[PDB]
Amino acid sequence: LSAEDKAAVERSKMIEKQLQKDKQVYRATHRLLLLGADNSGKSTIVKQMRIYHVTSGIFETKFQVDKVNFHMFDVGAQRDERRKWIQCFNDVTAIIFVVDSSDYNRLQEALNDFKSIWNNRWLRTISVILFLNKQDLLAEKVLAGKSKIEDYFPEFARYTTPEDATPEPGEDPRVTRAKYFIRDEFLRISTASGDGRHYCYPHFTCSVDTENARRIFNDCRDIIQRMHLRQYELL
Amino acid sequence: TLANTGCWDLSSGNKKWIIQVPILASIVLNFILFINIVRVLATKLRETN
Amino acid sequence: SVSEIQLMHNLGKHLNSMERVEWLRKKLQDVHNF
């Protein structure tokens, strides 16, 4: 009797020490979910973040910047339906939503997908990092002028470049007007319901740009800091 | 080991600064942190209007 | 300065003065009764 209980307790305490160590590492790393249609260059981003070395189903990529670990998960071999397996991702630090800004015709589908993610009952606290990928293709298309964004979005005719926008001096004013209109459209969905519980961080991303990791790190730092402030009822 | 006279209710000189100075040193440091914390609050709210 | 300690020191001086003053008062009566 006494020997068995002592052995059982000793084993239980042995498991406890392992769990405490696992708790330290689990809290240390930040989990991220990568989402987007295939028209978006999600794969290229994965290769870029693979530089930071640390039936198929979900895949995980581990990258470290400034001595903090991220685990980015992507769903490659999964069914189109996503109303069920998206619920288990309610504890991730953030969701990286990649959008191909140069499709126009498929842009509305991205808006609807963002709308569903943003307004989900269970994803009410997970911030969304919006990456408008491959802006170079959008810039080239705008200069070419063969395809006019006005046809797909009639509002674009009555759109004016935001005063707070900071375009590059050497970039066509047409390009910035187009890209910022796309940013405004996404932010309209973001601000329609989301007020203070979770936030969206728009970004202009290129497939070859290596700055994506730094943007994610900064976005994660802001999210954690905002969460800590909310715990004190300061923000 | 220096005065040991009556109760310690009275002050025998500058030795009170042994306890007073560290307490005051804490207030300024906390005050500096308080201003710094207000700074990030003014920054984040600026980022979300 | 630290207020609570400062108040404590002031109280000690105030009470000590009262003991001295009351000491003077009874000495005044004793000499008057000499």
# chains A, B, ... in the order shown; residues from 1 in each chain; ligands from 1
$ interface_residues --of "chain B" --to "chain C" --cutoff "6 Å" --atoms "only C-alpha atoms" --output "PyMOL selection string"
chain B and resi 9-10+20
$ write_last_selection --atoms "N, CA, C and O atoms" --output "CSV table (one decimal), in the first residue's frame"
chain,number,residue,atom,x,y,z
B,9,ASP,N,13.4,57.3,18.3
B,9,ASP,CA,12.4,58.2,17.8
B,9,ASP,C,13.1,59.6,17.4
B,9,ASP,O,12.5,60.3,16.6
B,10,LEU,N,14.2,59.9,18.0
B,10,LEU,CA,14.9,61.1,17.7
B,10,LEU,C,16.0,60.9,16.7
B,10,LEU,O,16.5,59.8,16.5
B,20,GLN,N,16.3,56.9,4.5
B,20,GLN,CA,15.5,57.9,3.7
B,20,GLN,C,16.0,57.9,2.2
B,20,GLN,O,15.2,57.8,1.3
$ select_by_dssp --residues "chain B" --states "helix (DSSP H, G or I)" --output "count of residues only"
34
$ residues_around --residues "residue 70 of chain A" --least-positions-apart "4" --cutoff "8 Å" --atoms "only C-alpha atoms" --output "PyMOL selection string"
chain A and resi 29-32+62-64
$ interface_residues --of "chain A" --to "chain B" --cutoff "12 Å" --atoms "only C-alpha atoms" --output "number ranges by chain"
A: 187, 190-191, 194-202, 219, 221-230, 232-235
$ atom_distance --atom1 "atom CA of residue 152 of chain A" --atom2 "atom CA of residue 203 of chain A"
22.5 Å
$ atom_distance --atom1 "atom CA of residue 35 of chain A" --atom2 "atom CA of residue 164 of chain A"
28.6 Å
$ atom_distance --atom1 "atom CA of residue 147 of chain A" --atom2 "atom CA of residue 179 of chain A"
14.7 Å
$ residues_around --residues "residue 86 of chain A" --least-positions-apart "4" --cutoff "9 Å" --atoms "only C-alpha atoms" --output "PyMOL selection string"
chain A and resi 82+90+123
$ decode --residues "segment 22-36 of chain B" --atoms "N, CA and C atoms" --output "mmCIF file, in the first residue's frame"
data_model
loop_
_atom_site.group_PDB
_atom_site.id
_atom_site.type_symbol
_atom_site.label_atom_id
_atom_site.label_comp_id
_atom_site.auth_asym_id
_atom_site.auth_seq_id
_atom_site.Cartn_x
_atom_site.Cartn_y
_atom_site.Cartn_z
ATOM 1 N N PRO B 22 17.555 55.692 0.098
ATOM 2 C CA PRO B 22 17.115 54.614 -0.803
ATOM 3 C C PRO B 22 15.635 54.676 -1.138
ATOM 4 N N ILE B 23 14.790 55.050 -0.176
ATOM 5 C CA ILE B 23 13.359 55.160 -0.448
ATOM 6 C C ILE B 23 13.106 56.242 -1.490
ATOM 7 N N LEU B 24 13.765 57.391 -1.334
ATOM 8 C CA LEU B 24 13.626 58.461 -2.317
ATOM 9 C C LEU B 24 14.180 58.042 -3.671
ATOM 10 N N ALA B 25 15.303 57.318 -3.679
ATOM 11 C CA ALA B 25 15.861 56.843 -4.940
ATOM 12 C C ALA B 25 14.869 55.964 -5.689
ATOM 13 N N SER B 26 13.991 55.269 -4.964
ATOM 14 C CA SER B 26 12.996 54.421 -5.610
ATOM 15 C C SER B 26 11.914 55.255 -6.284
ATOM 16 N N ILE B 27 11.527 56.371 -5.663
ATOM 17 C CA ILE B 27 10.418 57.167 -6.184
ATOM 18 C C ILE B 27 10.757 57.711 -7.567
ATOM 19 N N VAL B 28 11.956 58.279 -7.720
ATOM 20 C CA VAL B 28 12.344 58.860 -9.005
ATOM 21 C C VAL B 28 12.396 57.782 -10.078
ATOM 22 N N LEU B 29 12.992 56.634 -9.750
ATOM 23 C CA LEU B 29 13.052 55.540 -10.711
ATOM 24 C C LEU B 29 11.650 55.103 -11.113
ATOM 25 N N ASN B 30 10.760 54.952 -10.131
ATOM 26 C CA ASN B 30 9.377 54.607 -10.437
ATOM 27 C C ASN B 30 8.705 55.709 -11.246
ATOM 28 N N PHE B 31 8.988 56.970 -10.913
ATOM 29 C CA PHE B 31 8.426 58.083 -11.671
ATOM 30 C C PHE B 31 8.887 58.042 -13.122
ATOM 31 N N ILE B 32 10.172 57.755 -13.341
ATOM 32 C CA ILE B 32 10.693 57.672 -14.704
ATOM 33 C C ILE B 32 10.000 56.547 -15.463
ATOM 34 N N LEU B 33 9.829 55.396 -14.811
ATOM 35 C CA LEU B 33 9.110 54.294 -15.441
ATOM 36 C C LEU B 33 7.668 54.685 -15.742
ATOM 37 N N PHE B 34 7.036 55.434 -14.836
ATOM 38 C CA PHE B 34 5.655 55.852 -15.050
ATOM 39 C C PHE B 34 5.528 56.700 -16.310
ATOM 40 N N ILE B 35 6.430 57.669 -16.483
ATOM 41 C CA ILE B 35 6.401 58.504 -17.682
ATOM 42 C C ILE B 35 6.647 57.653 -18.921
ATOM 43 N N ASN B 36 7.607 56.731 -18.835
ATOM 44 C CA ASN B 36 7.895 55.861 -19.971
ATOM 45 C C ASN B 36 6.678 55.024 -20.341
#
